[PDB]
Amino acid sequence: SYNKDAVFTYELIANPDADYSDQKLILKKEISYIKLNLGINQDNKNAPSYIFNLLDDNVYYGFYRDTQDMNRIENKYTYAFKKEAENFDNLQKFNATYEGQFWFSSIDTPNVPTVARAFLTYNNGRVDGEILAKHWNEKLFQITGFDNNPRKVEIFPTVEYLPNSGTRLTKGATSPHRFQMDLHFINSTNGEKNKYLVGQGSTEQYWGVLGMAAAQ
C-alpha cells in the first residue's frame, strides 16, 4: 500500500462566506492524491497545502494540512516507504553516519512548519546525534539510543523554546517533553543498503518527522 504516485493529502477550501458570518473558516475537506517527484514537492511556495521530500523512489517524508474542527489548521507529519525496501539486518555493531532534516510544529503554532538539521551516528551500536537549527549551529535536541535497539531513538530538547514557539519545554534527558521514535532503515533503488532513515514522533507540545540519508 506504498505509492509515491498517489500520496494522500487534503485540499482545505476556505469558506468565502465566513468573511461575513459565523460559519466555519473551511468550507470543505477534499482528498487529493499527489504524484511525487524526486526531492521537494509542494503546490505553492508561500502557502503550501503540503510539502513532501521524496529522498528516493522507495521513501518520502513530509506533511499535509488537516483540521478537526474546520477552523483550526495543523500540520500532519508523516512518511512512507516501500515495504520490500526496508532493511531488517542486525545493526547491533552498525557503523554509519546520517545527515538530514527534522520537520516539526509546536502546539501554539500548529500550522507553522519548522525545519531543523539532523545528524545521527551509529558507532559499534552506540547511537548518538543532534538536531540543529537550520541556519546556525544551535543545538535544539539531543538524540540518543533507546532500549539498545538501533531502530529506536529518544530525542530530548536542549533549549527551552523551539523556533517559532513560546511553549516552554524542560531540557535534558529526563525531560517529560522528550519522546521516543521508531526508525526504519530503507535501501535505495540504486543499491545502497541502509541509505535512508525515517521515523516520526510527538509530545503534547510539539510533533514532527525525521528523514535522513547516509554519508557515502
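Quick note: we count residues from 1 along the sequence shown, nothing fancier.
Across the two stretches, 74 to 82 and 91 to 99, the PDB entry reports the greater mean Cα temperature factor for 91 to 99.
For the two regions 41 to 49 and 65 to 73, the entry's Cα B-factors average higher over 41 to 49. Across the options 115, 118, 127, 140, the residue with the most elevated CA B-factor in the record is 127. For residue 54, the recorded CA temperature factor ranks within the lowest third of the chain's modelled residues. In the deposited entry, the Cα temperature factor of residue 35 sits in the top third of values across the chain's modelled residues. Ranked by C-alpha B-factor against the other modelled residues of its chain, residue 6 falls in the highest third. Placement of the Cα temperature factor of residue 14 within the chain: middle third of the modelled residues, per the deposited record. Among the modelled residues of the chain, residue 105 sits in the lowest third by CA temperature factor in this PDB entry.
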